[PDB]
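Protein sequence lines, in the order shown, are assigned to chains A, B, C, D, E, F and G.
First residue of the first sequence? That's 3 in full-length UniProt numbering, and the numbers climb one at a time after it.
First residue of the second sequence? That's 5 in full-length UniProt numbering, and the numbers climb one at a time after it.
First residue of the third sequence? That's 27 in full-length UniProt numbering, and the numbers climb one at a time after it.
First residue of the fourth sequence? That's 11 in full-length UniProt numbering, and the numbers climb one at a time after it.
First residue of the fifth sequence? That's 12 in full-length UniProt numbering, and the numbers climb one at a time after it.
First residue of the sixth sequence? That's 12 in full-length UniProt numbering, and the numbers climb one at a time after it.
First residue of the seventh sequence? That's 20 in full-length UniProt numbering, and the numbers climb one at a time after it.
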Amino acid sequence: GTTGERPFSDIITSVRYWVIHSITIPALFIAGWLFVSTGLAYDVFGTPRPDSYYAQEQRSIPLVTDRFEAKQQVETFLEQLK
Amino acid sequence: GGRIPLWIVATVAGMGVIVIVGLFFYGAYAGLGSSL
Amino acid sequence: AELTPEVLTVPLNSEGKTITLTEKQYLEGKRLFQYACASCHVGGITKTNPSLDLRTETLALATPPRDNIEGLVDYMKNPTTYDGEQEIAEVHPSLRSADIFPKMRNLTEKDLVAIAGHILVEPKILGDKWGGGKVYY
Amino acid sequence: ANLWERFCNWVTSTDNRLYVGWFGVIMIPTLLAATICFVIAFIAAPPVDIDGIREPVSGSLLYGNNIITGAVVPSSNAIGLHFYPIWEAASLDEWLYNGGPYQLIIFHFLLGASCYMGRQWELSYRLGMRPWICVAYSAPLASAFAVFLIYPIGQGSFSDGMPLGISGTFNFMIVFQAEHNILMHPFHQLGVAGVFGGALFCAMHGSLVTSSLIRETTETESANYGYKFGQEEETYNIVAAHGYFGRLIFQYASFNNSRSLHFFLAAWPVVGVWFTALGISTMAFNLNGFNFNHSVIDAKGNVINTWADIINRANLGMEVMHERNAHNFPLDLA
Amino acid sequence: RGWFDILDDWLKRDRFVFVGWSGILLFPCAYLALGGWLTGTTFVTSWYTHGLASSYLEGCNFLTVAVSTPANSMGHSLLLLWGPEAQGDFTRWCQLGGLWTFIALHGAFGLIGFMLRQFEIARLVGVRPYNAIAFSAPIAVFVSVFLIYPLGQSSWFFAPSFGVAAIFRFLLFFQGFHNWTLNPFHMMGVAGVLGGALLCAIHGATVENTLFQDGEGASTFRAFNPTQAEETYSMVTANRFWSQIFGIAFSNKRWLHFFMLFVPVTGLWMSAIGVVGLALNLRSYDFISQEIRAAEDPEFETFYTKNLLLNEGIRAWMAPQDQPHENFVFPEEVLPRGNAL
Amino acid sequence: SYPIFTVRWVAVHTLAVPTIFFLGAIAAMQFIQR
Amino acid sequence: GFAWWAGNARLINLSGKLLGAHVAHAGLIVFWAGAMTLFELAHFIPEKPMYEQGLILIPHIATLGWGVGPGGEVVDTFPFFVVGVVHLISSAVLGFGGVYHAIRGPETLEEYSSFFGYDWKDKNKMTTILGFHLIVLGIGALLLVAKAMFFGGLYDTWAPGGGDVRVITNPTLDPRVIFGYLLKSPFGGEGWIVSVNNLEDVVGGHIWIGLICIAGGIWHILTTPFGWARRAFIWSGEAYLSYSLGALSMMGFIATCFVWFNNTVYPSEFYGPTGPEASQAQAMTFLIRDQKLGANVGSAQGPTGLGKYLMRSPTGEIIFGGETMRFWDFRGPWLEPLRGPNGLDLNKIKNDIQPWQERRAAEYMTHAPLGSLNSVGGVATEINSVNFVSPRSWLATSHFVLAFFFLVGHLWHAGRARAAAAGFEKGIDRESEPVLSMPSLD
Ligand code: CLA
Ligand code: CLA
Ligand code: CLA
Ligand code: CLA
Ligand code: CLA
Ligand SMILES: CC1=C(/C=C/C(C)=C/C=C/C(C)=C/C=C/C=C(C)/C=C/C=C(C)/C=C/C2=C(C)CCCC2(C)C)C(C)(C)CCC1
Ligand SMILES: CC1=C(/C=C/C(C)=C/C=C/C(C)=C/C=C/C=C(C)/C=C/C=C(C)/C=C/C2=C(C)CCCC2(C)C)C(C)(C)CCC1
Ligand SMILES: CC1=C(/C=C/C(C)=C/C=C/C(C)=C/C=C/C=C(C)/C=C/C=C(C)/C=C/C2=C(C)CCCC2(C)C)C(C)(C)CCC1
Ligand SMILES: [Cl-]
Ligand SMILES: [Cl-]
Ligand SMILES: [Fe+2]
């Protein structure tokens, strides 16, 4: 009824487990927070910030309309916000 | 072994879940996505 | 795009003087509008009389013009029909009728400006959606 | 040997090919009345003025319908929730125009179906069984009550109950979405999980038992002949089933107790369907699905549409068109 | 005793999570499909492909986030990261919809790996492979809906986007444009899913209420041993109850459990066939005899004609925002509307 | 004698590590204002 | 040998611990009553209608006459505070006794005293406990009569002048009226007991119910069940529980319809308008608007050929047109001034509509009980802005849900009580399977 690995309930009630993980779990949580709070997540993924969906007096969507010039269309849309 | 009683581990983890979920529901009324 | 002073700049009176609201005033106006007005005027229409909306071009053609802070502040005190011919305080919320419309009781003079300011700003932001009804939802 | 005692012995007899019982005494006339009226109306009823606006809808085969478009049409909005038996009409012609048969069918049917649930308890008691098969059936029964009775009460009219027809069903669920956004309501979401999960677990349990049948036949025979009705030994190896399914996922995600397994099979779709029946029953009082229309706006205040806004455009299209002649004022408040 | 057999040994070790030869295909593809969906719903927009916000970062909740389809202008491009559209730029690849094909394609190969896993474990354990066979129904549904259907249309844009509300929009699109509820292949699918759920509940309930008393406790679960040879419930009493309640009942335990496999599997296969038709707009949209009569006879009205009016409102009211690449401008005066509303 | 690092160990952290990372990022997002 | 998840069934035969469970649980009920009232009061803002503020308990107190004056305006919130505090305080005492009897007190009562101890199978003792509680309930029904007639009265939405607190001096005692309600059909235009539309019938009904309950309590103290009743029932703790579960389910369904349709003991001033009311108010609103513009509402033919504003009901009464034709059975104090013998009176409509009636219809039309789960007001296609779901929707839906599940609990516990009484609740005896001794069906 077992395949040789250490039981989970034995692991998570053990002191050594919680010695390591009271650091690793908050560290990963803080790291993810800073990914957003530093604004890095916006730049990695290309996600618009609340002020960069539209140019100031614009109400047209910057919809991609060409297949092979698509990359350049996005880039041109973005310069209309600089 | 069995130092930390499992009923205590479950209580604390459970409250950690409640806190994060509660934070997510708070954010439905503030900031982005709140309609304000 | 963002809430800049140019969008926050609206007419003060008929003579053409302008006033520039703060972002705080805009947000306060939106809150007070939801508190006291939105039940009939959500999104700039009028549920109990759809023929009359809060679009700026509509308010400009009202008698006393209402497309300016003064005209709107006066309306919240002594509302009239669209042609100016009769006072309608007893069927429309106003300070003059805060006894029969209790939500008007605790509105101070600066609240009135915030509420008027919101009504004039919003069509600049939402365009056709303000006062357009479900066609533009 | 008394005449009443012998009748009581026949009613509750476990020897009738079909059990009658005291619940059967109410069920049999009510279901026969509902069935006979349904068949006749479906084939032959004239058009019914469902929305009270003197615009009759043709439901029956003889008036130009096929099996897919035919319906018994709900009773007139002019009647609302008023009781409309035959003897309240000036004539059968009047009763037919106004949708009388719908009321007769659904009232007799809800009674007979309720007694069907009671009859399930009753025979279980005469046979010495455990009693809760009727609790499983309460989930479909509650659903039928929701669409034929509860939702009418909340909206104020049997004309808004579900039509007794295939396309009439579709009309009902399209209008239900435009007015309640039922897709965005969590009790319908749980109903889908009850029904998707139910079909899943049906296929799983069927495939796992079938996978582990003990060899009892030749390749020229149906393996089904390896089981004889009323044999005492099991016909499959649950240990082999568990040994496979536990390795497919991991060991503790698989059942090796057949009683807990079958209880799980019972409870998942039953509970899911209770919730979706409660969804219809609480949207009867206009507590509707989540509304995230224009919930996302940018720094200036432009609306940033989400998929919820696209749904709303679809809902709007259904709203403006349904019952295109029935509304004179701008808000559809029921 | 070469390297191949050594590796075979290690892949087939009995461990907490069985690996197997199929694990080499299954595990990477399952993890990337899942990770793609979590990454995109947390961080990635749909602004440039759809004009929609769609991530937690943008303000969306669990019901509204999605990994959305590429823009219509991409056609059926594979949208590979290194391909001519994104040209190796990860950021542009996200903005152009590349996570959608990433998830659909890795998802497709993970499904294959999972079915191979069912075959692989069944062979090592010694059982018949009917669980794998039943899993062909989920695969048929996935490939017909996410692959075949958009491949018959103009582009991936019209496939389902991976999100809760995005799938709801897919449902309503199919009503207004395809009249999918009228399609007998969907109706057969409905009967298979609903009939599956019924069989699931009725079989579970029957077993639990014909149990043998094999212990003294009021909790009846303890009175079962997985190695007992005896049936734990009475087929004879179950058959009598249902024969007298419903008129017919199961009498053969093997047929019953095969029927439980057959019903939902067959239903899903049927619905898949109808979606293949809709790939080509081969809809069951109309009944011609109804339309001929209704066009000539303005007093003739059915629930069929009522529903088409509802489809026509759906199309006109959602199309401009739902298909933004078409630049549909519908002035207020052309929108179909009943009175007052 | 229990091993520490197993195939199971990898499967567990392959899911749990980015899960907590993602939960931290989503928490921060609740305090973003427009 | 119940499992932990059925662990409260271990209390069936431990009368002392089961007493603690009941009394502790009663402390929970009173605690929530106390705490919820203080919460509502802390959030209450008097210049907003109660129904714009998500209040469900303050409306119950206001209906009893406390805190309000003419038109339903709140004059004094101190009565609300008192009701909350006293409930909250009382919950400590019930909490104290509950935990004592559940943890420290005697596990079983029948040793400590032959008065408080009981056996479920003792039909004499069971009807005695029932009789005591019937008397308690009878006193409870007369407290409401006392408040209405001797201690300040009740809020009366029908009082001339827009509603007001009114002392009830002539409660209805005619049993043809009181029991006439119990024989009205539950269908539209009748509405069974939900149709009660005046305080005199309400107070008189409670005099009758108080007396009936006290008389019935004394009956059951002094008698034991007759043989016909002894052969018809199961006599066990779980059976008694199952019977009460059925009664609570029935009662919850009734309460659902009461708050949805009745605007007399659920005044719309406090609870917001009913569904029918709000839909009638919209037709009133545009009738008023269009007639001010010159429209002749009586002769205006709508698109279908039916009147655009006014039409006839199936029995001829003049009623509002449009879809609200279904709601013509609605009666409310803002509308009744316009009714003559034949329904809505065209001459009153032309000449006698007052500004307060225009205000009230516009208010109720824009506060129809429609809203989303996240409290966006209006139809499902409305945009965000108005934070509102009517108290009537909250109360109708919650109690339908509770009523439904208690019907399921009735089925569960009734079937089990039967099977446990006959001895096959744990399964079929392999050596004595009934079907194996029956002839085959074919
Ligand atoms: C079994 C695992 C597996 C499978 C089946 C896939 C399958 C796929 N991936 Mg995924 N991927 C995987 C693991 C896997 N991936 C892993 C582990 C990662 C992390 C690095 C990724 C990261 C990833 C990304 C980032 C992308 C894909 C993409 C794709 C698709 C296109 C791949 C392609 O064209 O292959 C081409 C390569 C081959 C077919 C292999 C060729 C091997 C031949 C037989 C030998 C050739 C000889 C060799 C070249 C000689 C070199 C000599 C040298 C000295 C010069 C396809 C659905 C793309 C996608 O989803 O598009 C939307 C994409 O953009 N994958
Ligand atoms: C309204 C809810 C409610 C109530 C009143 C009870 C009451 C009871 N249960 Mg039940 N139970 C409930 C819910 C409830 N249960 C639920 C939801 C479950 C499922 C998890 C169970 C599962 C369960 C099992 C499995 C068993 C019981 C048993 C019992 C009884 C003895 C418990 C005991 O000795 O604990 C001892 C516990 C302690 C000493 C811990 C301290 C608990 C105290 C009371 C907390 C009080 C805090 C409060 C703030 C005090 C205020 C002080 C101030 C007012 C003075 C008791 C009458 C047992 C029984 O029948 O005994 C034969 C038993 O075996 N119950
Ligand atoms: C349903 C409620 C209920 C019932 C049936 C019992 C029954 C019992 N209790 Mg328990 N008890 C209860 C509630 C209840 N108690 C509460 C609420 C508390 C907390 C204050 C206690 C605290 C308590 C203690 C501390 C002890 C008992 C004991 C006893 C036993 C002897 C009682 C006796 O001789 O009193 C004789 C009769 C009287 C003293 C007359 C009391 C008159 C009351 C208080 C006034 C009337 C109240 C009114 C009707 C309603 C409240 C008003 C409110 C609405 C504002 C008996 C089995 C004793 C025991 O078991 O010994 C081992 C014991 O030591 N009880
Ligand atoms: C909580 C309330 C309550 C409860 C649980 C009981 C319980 C009991 N009573 Mg008591 N009873 C009560 C209040 C209560 N009583 C009151 C207040 C009075 C004074 C009027 C009486 C007067 C009384 C008498 C005179 C008798 C009982 C008897 C009984 C026993 C048999 C009951 C029975 O078979 O009914 C089942 C009901 C029937 C068989 C007939 C049903 C008839 C109704 C009207 C059907 C209608 C239901 C319908 C669907 C809903 C619409 C209602 C309609 C009226 C509009 C049982 C122990 C009997 C006994 O043994 O006494 C010692 C007996 O003869 N009771
Ligand atoms: C007056 C009400 C009442 C009373 C006193 C009882 C009493 C009893 N029931 Mg019954 N029951 C009731 C109503 C009631 N029931 C209702 C309404 C239903 C239908 C749903 C049932 C269905 C039912 C079943 C199916 C069974 C019982 C059983 C039992 C016994 C054991 C109960 C136990 O230990 O539970 C322990 C308590 C728990 C395990 C807690 C359950 C947790 C609930 C379901 C979730 C609550 C969450 C809530 C909805 C809000 C969520 C928000 C979130 C923050 C939590 C006991 C005699 C058992 C039995 O037959 O014993 C003889 C049994 O198997 N009951
Ligand atoms: C895409 C991509 C990739 C990949 C990535 C990955 C793989 C990712 C992963 C990711 C992940 C892996 C993530 C995760 C996350 C998670 C989450 C976010 C979770 C959450 C959850 C929750 C929230 C829950 C809660 C709850 C509830 C609600 C109830 C019950 C209880 C519980 C607690 C469960 C790469 C690099 C290759 C490159 C290309 C691109
Ligand atoms: C048995 C049991 C149980 C149960 C229990 C119970 C349920 C209990 C109860 C209890 C209770 C029920 C309690 C109560 C309490 C109360 C109190 C203690 C109160 C206090 C009060 C106060 C102090 C107040 C104050 C105030 C005032 C006076 C004024 C205003 C303000 C304030 C509010 C602050 C359980 C399940 C857990 C477990 C198992 C066993
Ligand atoms: C307060 C009030 C009032 C009054 C009321 C009254 C006067 C009532 C009464 C009520 C009553 C007086 C009721 C009764 C009930 C009854 C019932 C509910 C019954 C039940 C039954 C049963 C359940 C049975 C069963 C059975 C059978 C059938 C067979 C054999 C077996 C058994 C026994 C099981 C009014 C409306 C004026 C107004 C408002 C307020
Ligand atoms: Cl329609
Ligand atoms: Cl209307
Ligand atoms: Fe089975």
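We put the CB at the ideal spot given by N, CA and C, even for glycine.
- prompt: Checking contacts by CB at 9 Å: is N312 of chain D closer than that to chain A?
  reply: yes
query: Quick one: complete beta strand (DSSP E) runs, 3+ long, within the segment 189-229 of chain D?
result: none
message: Under 5 Å, CB to any heavy atom of ligand 6. Which residues pass, going along the chain?
response: B:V21, E:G46, E:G47, E:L49, E:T50, F:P29, F:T30, F:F33
task: List the DSSP bridge partners of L297 of chain D.
output: G:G390
field: Within 9 Å, strictly: CB atoms of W111 of chain E and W167 of chain E
entry: yes
task: Taking the CB atoms as reference points, tell me whether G291 of chain G and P388 of chain G lie closer together than 9 Å.
output: yes
task: Take the Cβ of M270 of chain G as the centre, count every other Cβ of all protein chains shown within 10 Å, and call the residue buried at 16 or more, exposed below.
output: exposed
message: Tell me which residues of the segment 291-317 of chain G have at least one Cβ-Cβ distance to chain D shorter than 7 Å, keeping chain order.
response: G294, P295, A297, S298, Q301, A302, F305
message: I'd like to know if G46 of chain E contacts chain F, where contact means its C-beta is closer than 9 Å to some C-beta of that chain.
response: yes
query: Start and end of the alpha helix (DSSP H) containing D220 of chain G?
result: 218-241
message: Under DSSP, the beta strand (DSSP E) around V184 of chain G begins and ends at which residues?
response: 183-185
query: Does any CB atom of chain F fall closer than 9 Å to the CB of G70 of chain E?
result: yes
query: Is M271 of chain E helix, strand or coil by DSSP?
result: helix
field: Nearest neighbour of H118 of chain C, chosen from C:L34, C:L38, C:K73 [CA to CA]
entry: C:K73
query: Tell me which same chain residues have a C-beta within less than 8 Å of the C-beta of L60 of chain G, skipping the five on either side of it?
result: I77, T96, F99, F100, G103
- request: Using a Cβ-Cβ cut-off of 9 Å, state whether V83 of chain D counts as contacting chain C.
  value: no
field: Distance cut-off 8 Å: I31 of chain G Cβ against heavy atoms of ligand 5
entry: yes
message: Please state whether the Cβ-Cβ distance between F32 of chain F and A33 of chain A is less than 9 Å.
response: yes
- prompt: Are there 16 or more other CB atoms within 10 angstroms of the CB of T231 of chain E, so buried, or fewer, so exposed?
  reply: buried
task: State the DSSP-derived secondary structure class of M102 of chain C, mapped to helix, strand or coil.
output: coil
task: For ligand 9, enumerate in chain order all residues having a CB closer than 5 Å to any of its heavy atoms.
output: D:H332, D:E333, E:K317
- request: Please classify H62 of chain G: is it buried, with 16 or more other beta-carbons within 10 angstroms of its beta-carbon, or exposed?
  value: exposed
query: Are there three or more Cβ pairs, one per stretch, closer than 8 Å when the segment 140-157 of chain G is compared with the segment 312-324 of chain G?
result: no
field: Span separating the alpha-carbon of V42 of chain G from that of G117 of chain G
entry: 5 Å
query: Where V427 of chain G and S148 of chain D are concerned, what is the direct C-alpha to C-alpha distance, given to the nearest angstrom?
result: 8 Å
- request: Figure out for me which residue from A:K73, A:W20, A:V66, A:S62 has the closest Cα to the Cα of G153 of chain C.
  value: A:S62
field: Minimum C-alpha distance to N76 of chain D - residue among E:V138, E:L293, E:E302
entry: E:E302
- prompt: Does at least one heavy atom of ligand 10 sit under 8 Å from the Cβ of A314 of chain G?
  reply: no
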